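Take a look at this single chain, the form deposited in one PDB entry, given in structure tokens.
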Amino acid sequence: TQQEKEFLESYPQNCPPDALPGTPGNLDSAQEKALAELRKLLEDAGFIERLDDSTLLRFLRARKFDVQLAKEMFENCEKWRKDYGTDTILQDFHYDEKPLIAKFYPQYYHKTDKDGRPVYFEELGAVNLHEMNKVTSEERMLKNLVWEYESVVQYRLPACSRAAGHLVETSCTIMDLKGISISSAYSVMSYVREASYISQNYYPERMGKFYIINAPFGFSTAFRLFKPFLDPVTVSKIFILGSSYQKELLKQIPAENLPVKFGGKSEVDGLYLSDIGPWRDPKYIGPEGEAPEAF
């Protein structure tokens, strides 16, 4: 508890006043009641860690401030952390195949958006699950997903909060669909389903913006039709862009931070194996120390 309090005291803990309702620093009276109620229930259930305001408010927002439902969601997450070995994944799991997977499925963080969010990139055009599964498995790619989430939560986001001057809880996602077929997209359905189960249930409220660029015609048409089924708050985070996406990305990410290939000015001597951002700058690294490197 003491080292956790020392960790949280070392970076800004209030969201900007523009932020969504139910976020740290932006609670109304019923939300502040539910937060104290959830904390009391989880302390009685024997939990010690991850009972800070920002964590509990993420589970609350994910369950619309239904305290019993947020309590169940938190407990399921803690049970999964125990069963999956999440608390030691950065020490146990070694993604030695990363340079090989990068040839088929680049996944990488690079710098920050104008709101201070770390920017996560994925490129889908070269995906070949059968070829990838000669050097990895779906189980190991999901292990890498959790490895990256733990690096995000424990190292990237605190440093990003220091660089921004306010709490940063979320990432800006850019997914490049250039070159993918509907058949290849179908082949990664299992991975998308399993990874999204982990995101939703164990990392709630960690997605800040979600850009899909180079969207094919059928895909963007389907999304625009299906959109009413989404939460309007969720809809406001998602941007489905075609071939001309550079001006829209540059509204959200400083040109200095956006990679050249996507319309920006940022260069890397390469990019697919890099992890460049404020969490690599000693000015913004706190008592947690520097993020580990997958490579």
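From 1 onward, residues are counted along the sequence shown. So that the term is clear: the rigid core is the largest set of C-alpha atoms that superpose within 1.5 Å between two forms.
Not on display, but discussed next: the form deposited in another entry.
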Which one of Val260, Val235, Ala36, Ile48, by Cα shift of 2 Å or more between the shown form and the other one, core superposed
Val235
For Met175, decide whether the Cα shift between the shown form and the other one is 2 Å or greater, given a superposition on the rigid core.
no
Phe223: with the rigid core matched between the shown form and the other one, does its Cα shift 2 Å or more?
yes
Direction of C-alpha distance change in the other entry, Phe226 to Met73 (at least 3 Å)
farther
Do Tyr191 and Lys227 move together or apart in the other entry, judged by C-alpha distance changing 3 Å or more?
farther
